[PDB]
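Take a look at this single chain in structure tokens; it is the form deposited in one PDB entry.
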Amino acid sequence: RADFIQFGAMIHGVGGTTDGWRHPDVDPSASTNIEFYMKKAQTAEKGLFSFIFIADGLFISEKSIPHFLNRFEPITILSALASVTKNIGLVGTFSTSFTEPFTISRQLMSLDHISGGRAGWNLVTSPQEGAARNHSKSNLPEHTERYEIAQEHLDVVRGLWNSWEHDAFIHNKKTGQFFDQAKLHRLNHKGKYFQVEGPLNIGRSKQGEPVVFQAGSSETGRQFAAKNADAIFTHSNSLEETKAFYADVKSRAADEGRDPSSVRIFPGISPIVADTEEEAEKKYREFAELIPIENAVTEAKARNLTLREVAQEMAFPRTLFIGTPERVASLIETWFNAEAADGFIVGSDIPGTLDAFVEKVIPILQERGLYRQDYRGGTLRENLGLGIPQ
């Protein structure tokens, strides 16, 4: 293809499972360990990853997975990581359901100034139902209303980001003109869900404004993303399903009046890379064996599997993206050439995974001309190949 493949790294502390933290190599304090986050972010930057991504949640119980129980909040960890990284994007999850757009707008834009234009927002419309009860609401609005709220929220945030024109700040010491009064704009927004006068108290960043990510899978969500998002997350359950998703969203984007290339689609994968097929499989099995068989308590596949093995694989499915660097690189290239992906969000809970990917897979993709030799620029937009709106 004309373009290069891009990667993001999801940094997810102790990981997305119930028992992975029990592995010898895992630091069970990882989710609130600043060194862990800094090291992963710097590994990702070593591999020229376009961004890091911090997922989020707003409600837990005593059955929540260990990572969810005790973890960094996204804007704070991303701002901290901004000071110890150079070119890599900083993408954080924030919901439209509870926080005022003025607040979100400022925090994201402030990160964008701190980072020299590397901020991104993963916009979540539909948090857990319990989250409502952590934010002085009896319940969440219904699905349709959540997307209506999210549109207005987004509209306010982007309107606030355009309070100041990019060249509004003249800073003329002689005349005493600090800014050009014609280049300041009040939002004066009076909507159903939000009323926000403006102006915002921070101007344009080096990439204009933060990039917006979205992960909608429903018909409503796909359409919302197609209309609004710069980049879209999705799953990698099968090449077929992901191809279809890709084509459908790109088509919806065209229907909304947009150039499909301005919407970048990133399926999520968690690859297990080793020097041989056997080593890779051994790593997988070591993690799959961490679950107490107990959840045998929790599909025609003749691979001579025992009940134990079947139980373990249901608890922790084996990725397709497992094996040698050559295999993993080839699969990635195939998904790319098949238009199932513009890039991938790489998960790396198994220790060594990100490092192995950066050290072994990236050079193959470079050699084949599918991945750049260095960063294109210092902003997220530039590295994703997006334009600055303004």
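Shifts are known only where both forms have a C-alpha. We call the rigid core the largest set of C-alpha positions that still match within 1.5 Å between the two forms. One rule holds for the numbers: they count along the sequence shown, beginning at 1.
The following text describes the form solved in complex with a small molecule, which does not appear among the structures shown.
The listed set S218, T99, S262, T76 contains one residue whose heavy atoms approach the small molecule in the deposited bound form to within 4.5 Å, identified as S218. Though the small molecule is absent from this view, in the deposited bound form it lies within 4.5 Å of a heavy atom of just one residue from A288, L108, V124, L187, which is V124. Of the heavy atoms in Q312, none are within 4.5 Å of the small molecule in the deposited bound form. Although the partner is absent here, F233 is a contact residue: one of its heavy atoms lies within 4.5 angstroms of the small molecule in the deposited bound form. Mapping the unseen interface onto this chain, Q128 counts among the residues with a heavy atom inside 4.5 Å of the small molecule in the deposited bound form. Although the partner is absent here, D56 sits close enough that one of its heavy atoms falls within 4.5 Å of the small molecule in the deposited bound form. Across the proposed site, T93, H143 and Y147 without exception bring a heavy atom within 4.5 Å of the small molecule in the deposited bound form. Shown alone, this chain has one stretch from 177-185, 274-282, 233-241, 111-119 that lies within 4.5 Å of the small molecule in the deposited bound form by heavy atoms: 233-241. Segments of at least three consecutive residues in which every Cα is displaced by 2 Å or more between the shown form and the other one, once the core is aligned, occur only at 295-298.
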